[PDB]
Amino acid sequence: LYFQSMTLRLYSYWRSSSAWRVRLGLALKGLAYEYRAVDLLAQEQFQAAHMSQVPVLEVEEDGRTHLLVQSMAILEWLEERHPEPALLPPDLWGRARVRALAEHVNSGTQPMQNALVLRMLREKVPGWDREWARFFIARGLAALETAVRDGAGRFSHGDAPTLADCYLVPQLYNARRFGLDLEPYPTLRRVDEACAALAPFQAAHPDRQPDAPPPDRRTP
């Protein structure tokens, strides 16, 4: 049953792009949740000098707890459980398109720049991790720019936000982090600007999260 007293708890790190996607689905659906910070920096530093993954959406209903993992799985659950406002359109072609744009990020871009990948690159070849990240992010953004520019609306798919924007916006933030020039992706930059003006996008941004450090205490 779609029991209505579910409470939600998100395990999140302020600048995790994977967690940010889920923050965006939650914000866009107008869903309240408890923020449970997971300090991935502390865990990295502790593990170095010698498991907890993000996102996890914990759903509690009357003494039963469900732990939902994988951003895409979590977002598809949100869309089934709370269908309005829809972040997938009702037509099947559009659904496939939106899922493909999400997957270009989910599977095609982010994994190549995740923190474990980058750490293992730069252990073998100092400095190369950031060059690698820029290469693979640029490749993913080029695929997106082409696939989006196709009959583009104001957003990645039509004239309202969808799951595709939930994946695009955090990925462009990571692109900027690594110093990738975004000049070649004008459609993506336009979409990013349209999203940035919306209250739910503002709410989900890293800088607004409970665990966000001030600017002068952030690593690159």
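Quick note: we count residues from 1 along the sequence shown, nothing fancier.
Unmodelled residues of the deposited sequence between neighbouring positions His50 and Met51 number 4 to 9. Here the stretch with the larger average CA B-factor, out of 151 to 159 and 173 to 181, is 151 to 159. A summary of the deposited B-factors shows that, of 88 to 96 and 131 to 139, the stretch with the larger mean C-alpha value is 131 to 139. Across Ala197, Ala212, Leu24, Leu10, the entry's maximum B-factor at the CA atom is seen for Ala197. When all modelled residues of the chain are sorted by CA temperature factor, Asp165 is found within the lowest third. Among all modelled residues in its chain, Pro83 ranks in the middle third by Cα B-factor. The deposited CA B-factor of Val69 belongs to the lowest third of values across its chain. In the PDB entry, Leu101 places in the lowest third of its chain by CA B-factor. Ranked within its chain, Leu75 lands in the lowest third, by CA B factor from the PDB record.
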